[PDB]
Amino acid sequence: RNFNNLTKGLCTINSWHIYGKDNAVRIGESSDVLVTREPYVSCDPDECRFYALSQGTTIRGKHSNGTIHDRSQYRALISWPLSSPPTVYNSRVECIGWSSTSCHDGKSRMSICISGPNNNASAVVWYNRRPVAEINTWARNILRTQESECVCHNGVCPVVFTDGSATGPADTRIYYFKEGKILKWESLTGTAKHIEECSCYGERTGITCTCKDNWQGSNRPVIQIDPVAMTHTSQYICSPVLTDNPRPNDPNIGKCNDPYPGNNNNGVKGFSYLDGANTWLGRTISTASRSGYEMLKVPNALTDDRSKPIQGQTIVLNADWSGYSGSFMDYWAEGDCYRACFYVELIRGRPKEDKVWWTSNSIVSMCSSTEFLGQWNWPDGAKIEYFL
């Protein structure tokens, strides 16, 4: 085995096809399915798997009561087979904590979990299923990271962290790991003003991360990372097609170097694929809440502050709950291009559905097609009444 190198460009994205769906909440109505949230997907050279933060209880279990809470000692990053649900019996624990990232470098997998109280959190970096390095909180205010997969090049895997205020200036760092060891870290530079929960992908041009501005922005900040020089830059998606949630209505001029205003102290993890005319943006359909999901083809969205959609695809109807979304790719697939993929978290339970006392989710996932495929919509599919 050799370290994977990012030698390919993105495949042409003409539509999106169904990749995976686990129907976790449906199945969990009568099965030992773990309560989760903050899911994602990540590939090894020989297998792709679902990931999520467990809440250390099943949905039918009485301990599901209160799982709207974000940061307990009973949480852990788990992985399980593609499109299976996360069950007590098929879930592999990667590490313990309530914020995570994970990625394979071609030889072995790095996984990172953050745990601890708000003012005293720490990250533990696992490599090849062993703890290798540790990072203590530097701002004493909820040290947190991506909640989706990281990306590697020639053994080097960058990861974005944030420590500090959720509602003001914070201390964001980009760490560069190799075999779990810290090669270098640097403070955030560029014009992004607040950074959380970056969704990343790699291609021959480097590594691209689409994050969340939780402070003042409803446009998404972008961090572009050179994994060889181990340097980065940041800005926002220039496009007036805004992709945070909640968010204002789409203007006709976006912002490249500053937060687009209207919604403060909130946001949702999201993603994009920024690739010239091959650019696609994901967002919730609702501007008010985490419902619905759509992909929009927005040429040069990253750099064009006038750019508008020329094509689209509905993934989840606005009538259905969505949630977090993020990027991943199978870097070990055959062919001459990397096929763009993403997942959407379909949150069920609280706060929006409070007849139950739990909060969980299921997963739906799509990858790009060079065909122009017909579209469906993909609801979680569970009936809340069944849980009462």
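Residue positions are given as counts along the sequence shown, with the first one as 1.
The PDB entry records a higher mean C-alpha B factor for 149-157 than for its counterpart among 72-80 and 149-157. Comparing 342-350 with 328-336, the stretch with the higher mean C-alpha B-factor in the PDB entry is 328-336.
The residue among 88, 315, 95, 139 whose C-alpha atom has the highest B-factor in the PDB entry is 139. Residue 23 sits in the lowest third of its chain by CA B factor, as recorded in the PDB entry.
Placement of the Cα temperature factor of residue 34 within the chain: lowest third of the modelled residues, per the deposited record. Per the deposited record, the Cα B-factor of residue 48 falls in the middle third when ranked against the other modelled residues of its chain. Per-chain ranking of the deposited C-alpha B factor places residue 310 in the highest third. In the deposited entry, the Cα temperature factor of residue 188 sits in the top third of values across the chain's modelled residues.
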